[PDB]
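Asker: Questions regarding the structure given below will be posed in turn.
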Amino acid sequence: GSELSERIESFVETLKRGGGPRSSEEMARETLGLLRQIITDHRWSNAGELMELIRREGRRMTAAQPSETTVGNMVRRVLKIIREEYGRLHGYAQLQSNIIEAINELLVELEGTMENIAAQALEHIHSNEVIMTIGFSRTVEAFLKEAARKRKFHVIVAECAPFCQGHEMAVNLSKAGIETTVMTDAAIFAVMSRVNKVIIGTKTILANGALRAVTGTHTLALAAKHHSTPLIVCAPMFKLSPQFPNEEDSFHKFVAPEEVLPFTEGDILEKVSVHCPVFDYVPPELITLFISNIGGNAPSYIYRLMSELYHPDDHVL
Amino acid sequence: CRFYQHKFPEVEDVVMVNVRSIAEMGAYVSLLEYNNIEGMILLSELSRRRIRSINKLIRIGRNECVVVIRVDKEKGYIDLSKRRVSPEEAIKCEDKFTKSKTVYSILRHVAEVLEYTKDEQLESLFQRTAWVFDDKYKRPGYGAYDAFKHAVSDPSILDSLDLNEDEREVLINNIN
Amino acid sequence: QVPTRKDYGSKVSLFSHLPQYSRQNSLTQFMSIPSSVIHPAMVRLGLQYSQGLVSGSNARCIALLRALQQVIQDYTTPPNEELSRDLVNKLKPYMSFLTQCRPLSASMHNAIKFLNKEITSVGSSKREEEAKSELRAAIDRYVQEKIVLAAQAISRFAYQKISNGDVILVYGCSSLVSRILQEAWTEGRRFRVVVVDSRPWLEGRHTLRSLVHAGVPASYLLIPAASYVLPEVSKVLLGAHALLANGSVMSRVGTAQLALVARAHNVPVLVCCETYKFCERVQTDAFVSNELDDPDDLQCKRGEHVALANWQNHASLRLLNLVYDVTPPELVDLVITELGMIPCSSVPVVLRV
Amino acid sequence: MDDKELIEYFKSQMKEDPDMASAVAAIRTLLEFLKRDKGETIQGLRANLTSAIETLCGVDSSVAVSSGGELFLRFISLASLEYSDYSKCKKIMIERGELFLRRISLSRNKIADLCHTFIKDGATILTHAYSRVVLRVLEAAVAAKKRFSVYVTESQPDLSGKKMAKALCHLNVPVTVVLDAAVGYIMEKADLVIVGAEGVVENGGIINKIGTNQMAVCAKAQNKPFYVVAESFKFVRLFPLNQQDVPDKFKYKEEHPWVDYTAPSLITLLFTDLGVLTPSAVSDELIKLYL
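Chains as they are written, first to last, in PDB author numbering: chain C, 8 to 98, 126 to 351; chain L, 5 to 180; chain H, 166 to 518; chain B, 1 to 253, 268 to 305.
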């Protein structure tokens with residue numbers, strides 16, 4: 008049963024350094040897989056022992072890299088599943131089978147997420163209109179080049195100044211022939227007048243409806259609230275996590291300060307500290323629409339799902 | 005219009021009551037089969053699900069039969085229960101309700117034809133006559149029951165009250 | 166298949182998706198007047214929709230519903246086909262013909278969708294007479310606890326709000342509102358009422374009458390003059406044609422405007438909208454669900470040289486009379502419904518389950 | 001058994017315990033009455049408790065006590081009463097009542113170790129009154145060995161802030177008693193404002209002592225995030241829209271309110287033993303819980 012432990016390591020490591028896997032929903036999938044293995048390579052006197060074990064493991068997971076809590080909420084929902092099963096079917127052993135199907139169920143639903151969102155797109159964006167996006171958020175490449183087969187419009191993609199992370203989407207939408215444009219984040223307020231409804235990615239959905247986003251997003255949402263054009267969060271619901279913003283501000287992945295001011299610059303690096311947060315906050319009171327697996331949703335709406343998805347008694351995990 | 009020789013019904017009496025007003029601890033149920041007996045009713049488990057339910061104002065008046073679990077006279081109420089009931093007893097209470105309605109129209113036509121402007125006196129005469137006609141059959145207010153049983157050929161039992169021939173006239177007329 | 170409503174108007178660019186039909190090019194010109202392929206009661210309803218005879222939201226609802234009441238009660242099934250399928254079928258092209266003669270709001274959408282869910286939720290065992298009768302009775306319970314009970318409940322609930330002396334704003338033909346206002350005034354509480362109305366379909370006169378003929382001191386003025394009465398009105402009291410996913414409200418061409426200005430002068434915003442209205446889609450924007458009506462019913466009277474009679478006759482001209490706008494939940498304070506006096510941004514949850 | 005001993009018993013309970021917020025003292029005395037009701041009925045006891053709660057409301061002008069009465073009335077008939085004798089009912093009923101007592105006692109500790117992790121270290125906390133719950137949650141956050149200051153207002157009509165200081169500095173925390181009218185001044189220099197509440201309205205905002213709202217409004221314009229604490233029972237089914245609307249059974253005890275309301279547009283994060291909230295969630299939770 009140590010092969011389980013070695014796969015656990017393999018992940019925990021690939022997690023604990025940097026981009027891996029470079030896709031988010033992928034991370035979710037490998038997560039669920041490893042969880043399934045934890046179950047199918049273990050037994051329990053009572054399901055409480057399995058709850059305990061998966062809680063320990065999820066603690067290691069989220070504590071390792073609290074910047075990406077996706078897997079945090081995956082183990083949360085798995086705790087929900089076992090909670091629900093021991094609730095129903097004892098309110126004893128064969129229910130292991132039960133558990134497994136749930137995973138598959140969850141799993142298979144996950145496999146449709148992207149395409150689900152696709153169906154919404156063809157509704158919102160009426161043609162020849164201007165949409166703004168910050169990043170290469172796969173869900174949004176899906177969104178747009180899946181609503182660019184019946185209409186035509188204009189998407190301007192900003193650029194997270196740390197990376198070129200807001201250029202790959204430009205080259206992709208070029209490969210999809212939509213006549214999109216590139217720009218430098220500092221100029222978003224420059225053109226925020228001529229936007230219609232910003233379509234932004236997201237990286238988590240706190241239980242306050244406050245999304246932690248790829249950096250250079252707080253300014254986008256603030257410019258939006260100013261011009262009062264609406265915010266289109268392309269957040270599949272698995273990206274939730276029942277964190278409520280204020281704890282300890284282990285909050286923004288502080289990536290290699292090499293990014294902003296590269297090391298080539300002489301001695302000035304002796305009294306010049308550096309900051310480079312790749313993930314910023316956006317207050318929920320600016321959100322408009324949680325385009326999601328179940329269609330339109332508003333800020334408050336989100337805790338409803340946090341009511342149902344993750345059993346509240348385990349946000350301390 | 006009083007109720008019967010049982011002006012204060014006893015236990016196991018399943019009154020046909022309506023819901024006068026939805027409430028918090030339990031819907032205040034009121035009936036006339038005991039001359040406006042009013043009490044509560046223990047809100048059920050799936051009736052604790054009446055939060056998101058529709059229009060607590062709708063379904064106010066649509067009467068139904070309920071059993072009387074507790075009882076009180078000076079405390080002035082009755083705790084009616086619904087979840088633990090049967091529809092055969094519902095049909096029996098429907099029969100008793102038809103009898104009640106018959107007796108109510110009877111008292112109305114008494115007040116009209118016999119000009120009984122008085123309420124307590126006329127209602128007590130009627131209730132005594134009904135108890136007389138009833139205690140031989142012992143059914144729930146069997147007075148009018150025997151009245152319509154014998155009124156096919158012999159409703160002359162009204163001789164005891166030789167005060168208004170319009171009484172038996174309207175009886176044998178509105179009957180058939 | 167069906168005769169097609171002929172698109173009328175130099176459709177503006179930003180609203181091409183939704184159609185600009187009208188009421189002069191009647192749809193019944195082509196149809197085989199023997200109402201066989203198209204049921205007679207449904208088609209009479211469809212027509213008196215095109216002519217815009219029935220306007221009130223829940224009014225249009227009850228209209229459609231009693232029309233399908235007649236349809237069912239006179240409907241018969243083909244030989245050897247289960248009703249809960251061919252009925253759904255027969256309804257489908259009738260709904261289509263409806264959307265042709267007059268686009269269908271979310272109200273009648275919820276209506277027809279519920280009726281389909283009911284039709285299908287009963288199987289083969291349905292005896293024809295008893296099947297049609299049970300559908301009658303279910304349609305009844307539906308209309309009862311959704312539009313002639315929800316109304317009285319909304320009113321019996323909101324009545325506690327309206328204090329004395331506080332003049333109240335209203336927007337037009339929202340029958341529900343008029344019922345609330347009357348059933349309030351008749352309880353001792355006192356107030357004036359200001360009414361607001363907008364072109365082209367000048368309408369508040371419906372509510373204006375239904376008020377004054379119940380003895381409430383009233384006042385009435387077009388919508389751009391809103392700012393003149395807002396420093397006095399203490400509570401606005403809108404209507405609503407639908408409740409959407411995010412939590413917004415939709416209503417006639419105006420109501421968003423009044424919501425906005427009345428937020429500006431800090432006067433609390435009411436909305437009154439009974440549950441079954443509540444749809445499930447979302448609309449953050451205000452341009453992707455709006456049932457554009459005719460252009461040439463827009464104009465007014467100037468001497469006699471009505472400035473637009475030559476409508477298409479120019480080159481560039483492109484008119485429009487948007488019908489529904491949407492107040493985001495950022496303004497609407499309190500949505501009274503029979504379920505409670507819930508706050509706006511908390512609607513979709515408590516009405517979903 | 002009569003209403004005299006009920007009111008004086010509430011008085012005695014609050015006197016032997018100023019540390020027990022009026023609501024819980026009321027509910028306690030209410031259970032006490034339920035014990036020695038010496039009745040044998042179901043509804044005939046509902047009438048008794050309703051009348052008694054009316055009296056208590058007519059004695060103490062707080063929203064807390066009447067609201068707790070409503071909620072107790074709810075939480076004696078929550079599921080199937082299992083109506084069997086109209087007497088054993090009373091037994092199981094008062095059992096659920098003492099359980100209600102349990103949760104109401106737990107409320108504070110629950111909300112404290114729910115919140116005391118919300119105070120970033122080295123910032124100025126600006127309370128508003130002798131909010132027992134605020135004092136407790138602070139006391140907690142201190143016990144976790146943090147650093148932060150305290151600005152307290154003084155809520156003019158009665159000296160509240162003076163009392164809160166006199167009892168907080170007993171914990172040796174940096175304390176500074178502004179003059180409540182000066183809130184607009186120190187509002188520049190404190191980051192976030194914890195404020196005690198005395199009743200939550202069904203759309204998310206809170207109702208609280210005289211100055212709350214204006215403080216609230218200041219602490220929104222400058223984007224300074226705005227907190228609030230209130231345990232379960234102080235939810236209320238009162239939905240004003242204007243500060244004039246709040247019922248006048250609360251507003252008294268020349269003409270000057272004692273409590274007033276803040277729109278939920280402003281309140282940025284609740285605190286309820288039910289958990290962290292989001293004012294619309296207070297609505298949803300109220301419609302659900304109240305029953």
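In this text, a Cβ means the ideal position worked out from N, Cα and C, and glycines have one as well.
Can you list, in chain order, the residues of its chain whose CB lies under 6 angstroms from that of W51(C), leaving out five sequence neighbours each side?
Answerer: Position 44 of the first sequence, counted from the first residue, corresponds to residue 51(C). Answer for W51(C): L57, listed in chain order.
Asker: Tell me where the alpha helix (DSSP H) around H188(C) begins and ends.
Answerer: Position 154 of the first sequence, counted from the start, is the residue given in the question as residue 188(C). Looking at the DSSP string, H188(C) is not in any alpha helix (DSSP H); the run it does join, the beta strand (DSSP E), is 188 to 191.
Asker: So what does DSSP say about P311(C), is it helix, strand or coil?
Answerer: In the first sequence, the residue the question calls residue 311(C) occupies position 277. Strand.
Asker: Between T449(H) and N478(H), how many whole angstroms is the CB-CB distance? I'm expecting something under 8 angstroms.
Answerer: For the purposes of this step, residue 449(H) is taken as residue 284 along the third sequence, with counting starting at 1. For the purposes of this step, residue 478(H) is taken as residue 313 along the third sequence, with counting starting at 1. At roughly 38 angstroms, the Cβ-Cβ gap does not stay under 8 angstroms, so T449(H) and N478(H) are not in contact.
Asker: To the nearest whole angstrom, what separates the beta carbons of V59(B) and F100(B), a pair I think is in contact under 8 angstroms?
Answerer: Position 59 of the fourth sequence, counted from the start, is the residue given in the question as residue 59(B). Position 100 of the fourth sequence, counted from the start, is the residue given in the question as residue 100(B). In fact, because the Cβ distance is near 21 angstroms, the residues do not count as touching under 8 angstroms.
Asker: On the DSSP bridge assignment, give the partners of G289(B) in chain order.
Answerer: Within the fourth sequence, the letter at position 275 stands for residue 289(B). According to DSSP, which records beta bridges pairwise, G289(B) is partnered with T286(B).
Asker: According to DSSP, which residues form a beta bridge with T242(H)?
Answerer: Counting from 1 along the third sequence, the entry for residue 242(H) is found at position 77. Looking at the DSSP assignment, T242(H) forms no beta bridge with any residue, so it has no partner.
Asker: Residues of chain H with CB under 8 angstroms from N59(L), in chain order?
Answerer: Residue 59(L) sits at position 55 when you count from the first residue of the second sequence. Those are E310, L314, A315, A318, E503, listed as they occur along chain H.
Asker: Could you work out which residues of chain L lie near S77(B), taking near to mean beta carbons separated by less than 8 angstroms?
Answerer: Residue mapping note: residue 77(B) aligns to position 77 of the fourth sequence, counting from 1. The contacting residues are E28, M29, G30, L46, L47.
Asker: Residues of chain B with CB under 8 angstroms from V332(H), in chain order?
Answerer: Along the third sequence, one-based indexing puts residue 332(H) at 167. The premise fails here: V332(H) is roughly 14 angstroms from chain B at the closest Cβ pair, so nothing lies under 8 angstroms.
Asker: Write down the C-beta distance between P264(C) and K231(C) rounded to the nearest angstrom, noting that I regard them as a contact closer than 8 angstroms.
Answerer: Taking the first residue of the first sequence as 1, we reach residue 264(C) at position 230. Taking the first residue of the first sequence as 1, we reach residue 231(C) at position 197. Right, their Cβ atoms sit about 5 angstroms apart.
Asker: Sort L484(H), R446(H), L473(H), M207(H) by Cα distance to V177(H) and report the nearest one.
Answerer: Reading the third sequence from its first residue, position 12 is the one you call residue 177(H). The shortest Cα separation from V177(H) among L484(H), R446(H), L473(H), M207(H) belongs to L484(H).
Asker: Decide if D458(H) is buried, meaning its Cβ has at least 16 other Cβ atoms within 10 Å, or exposed.
Answerer: As a position in the third sequence, residue 458(H) is number 293, starting the count at 1. Buried is the call here.
Asker: Sorted by chain position, which residues of the same chain lie with C-beta nearer than 7 angstroms to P174(B)'s C-beta, five sequence neighbours on each side aside?
Answerer: To locate residue 174(B), count along the fourth sequence from 1; it is residue 174. Only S149, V150 meet the Cβ criterion.
Asker: In the DSSP assignment, find the unbroken alpha helix (DSSP H) run with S87(B) in it and report its ends.
Answerer: By 1-based counting over the fourth sequence, the position of residue 87(B) is 87. Taken as a continuous stretch (DSSP letters only), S87(B) belongs to no alpha helix (DSSP H), as it is neither H nor E.
Asker: Quick one: measure Cβ to Cβ for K35(B) and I94(B), integer angstroms, because I've assumed they're closer than 8 angstroms.
Answerer: As a first step, residue 35(B) is located in the fourth sequence; it is residue number 35 there, counting from the start. As a first step, residue 94(B) is located in the fourth sequence; it is residue number 94 there, counting from the start. Contact holds; Cβ gap of about 7 angstroms.
Asker: Could you pull out every residue in the same chain whose Cβ sits closer than 8 angstroms to the Cβ of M29(L), ignoring the five residues on either side in sequence?
Answerer: What you label residue 29(L) is simply residue 25 of the second sequence in a count that begins at 1. Excluding sequence neighbours, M29(L) sits near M44, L47.
Asker: In the DSSP assignment, find the unbroken beta strand (DSSP E) run with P508(H) in it and report its ends.
Answerer: As a first step, residue 508(H) must be located in the third sequence, where it is residue number 343. 505 to 508 is the span of the beta strand (DSSP E), which, as asked, contains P508(H).
Asker: Taking 8 angstroms as the cut-off, does the segment 268 to 282 of chain C touch the segment 336 to 350 of chain C (at least 3 CB pairs, one atom from each stretch)?
Answerer: Touching, yes.
Asker: Got a sec, what are the start and stop residues for the beta strand (DSSP E) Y151(B) sits in?
Answerer: Looking up residue 151(B) in the fourth sequence gives position 151. First-last of the beta strand (DSSP E) with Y151(B): 149 to 152.
Asker: Using beta-carbon positions only, say whether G204(B) and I281(B) come within less than 7 angstroms of one another.
Answerer: Start at 1 with the first residue of the fourth sequence, and residue 204(B) comes out as number 204. Start at 1 with the first residue of the fourth sequence, and residue 281(B) comes out as number 267. Yes, the pair counts as a contact, with Cβ atoms nearer than the cut-off.
Asker: Measuring only the C-alpha atoms, how far is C97(L) from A151(L)?
Answerer: Taking the second sequence and counting its residues from 1, one reaches residue 97(L) at position 93. Taking the second sequence and counting its residues from 1, one reaches residue 151(L) at position 147. So the two alpha carbons sit approximately 19 angstroms from each other.
Asker: Which same chain residues end up closer than 7 angstroms to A94(L) when comparing Cβ atoms and leaving out the 5 residues on each side of it in sequence?
Answerer: As a working mapping, residue 94(L) is identified with position 90 in the second sequence. Same-chain partners within the cutoff: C69.
Asker: From the beta carbon of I64(L), is the nearest beta carbon of chain H less than 7 angstroms away?
Answerer: Taking the second sequence and counting its residues from 1, one reaches residue 64(L) at position 60. For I64(L), the answer is no, since every Cβ of chain H falls outside 7 angstroms of its Cβ.
Asker: Using a C-beta to C-beta distance shorter than 7 angstroms, which residues of chain L count as neighbours of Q43(B)?
Answerer: Position 43 of the fourth sequence holds residue 43(B). The answer, in chain order, is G43, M44, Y81, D83.
Asker: Can you tell me where the alpha helix (DSSP H) with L241(B) in it begins and where it stops?
Answerer: Indexing the fourth sequence from 1 puts residue 241(B) at position 241. Premise fails: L241(B) is in no alpha helix (DSSP H) and is neither H nor E.
Asker: To the nearest whole angstrom, what separates the beta carbons of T127(B) and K189(B), a pair I think is in contact under 8 angstroms?
Answerer: Stepping through the fourth sequence from its first residue, residue 127(B) is reached at position 127. Stepping through the fourth sequence from its first residue, residue 189(B) is reached at position 189. The Cβ separation is near 15 angstroms, so there is no contact.
Asker: For the pair the segment 209 to 218 of chain B and the segment 74 to 93 of chain B, tell me if three or more CB-CB distances fall below 8 angstroms.
Answerer: Flag = no, the segment 209 to 218 of chain B and the segment 74 to 93 of chain B do not touch.
Asker: Please classify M207(H): is it buried, with 16 or more other beta-carbons within 10 angstroms of its beta-carbon, or exposed?
Answerer: Start at 1 with the first residue of the third sequence, and residue 207(H) comes out as number 42. By the 10 Å Cβ count, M207(H) comes out buried.
Asker: What are the boundary residues of the alpha helix (DSSP H) that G211(H) is part of?
Answerer: The residue you call residue 211(H) lines up with position 46 of the third sequence. That run of the alpha helix (DSSP H) goes 205 to 215.
Asker: For the beta strand (DSSP E) containing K209(B), list its first residue and its last residue.
Answerer: In the fourth sequence, counting from the first residue as 1, residue 209(B) sits at position 209. Counting along the chain, the beta strand (DSSP E) containing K209(B) begins and ends at 207 to 209.
Asker: Counting only Cβ-Cβ distances shorter than 8 angstroms, please list the residues of the segment 198 to 215 of chain B near chain H, keeping chain order.
Answerer: Answer in chain order: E202, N203, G204.
Asker: For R74(L), would you say it is in contact with chain B, using Cβ-to-Cβ distances shorter than 7 angstroms as the test?
Answerer: One-based indexing of the second sequence puts residue 74(L) at position 70. So, interface residue.
Asker: Just to confirm, are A323(H) and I345(H) a CB contact at a threshold of 7 angstroms?
Answerer: Taking the first residue of the third sequence as 1, we reach residue 323(H) at position 158. Taking the first residue of the third sequence as 1, we reach residue 345(H) at position 180. Yes, these two residues count as a Cβ contact at 7 angstroms.
Asker: Would you kindly report the start and end of the unbroken beta strand (DSSP E) that includes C437(H)?
Answerer: One-based indexing of the third sequence puts residue 437(H) at position 272. Looking at the DSSP string, the run of the beta strand (DSSP E) that includes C437(H) is 435 to 437.
Asker: Taking the C-alpha atoms as reference points, what is the distance between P291(C) and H309(C)?
Answerer: One-based indexing of the first sequence puts residue 291(C) at position 257. One-based indexing of the first sequence puts residue 309(C) at position 275. Their backbone Cα atoms lie some 6 angstroms apart in a straight line.
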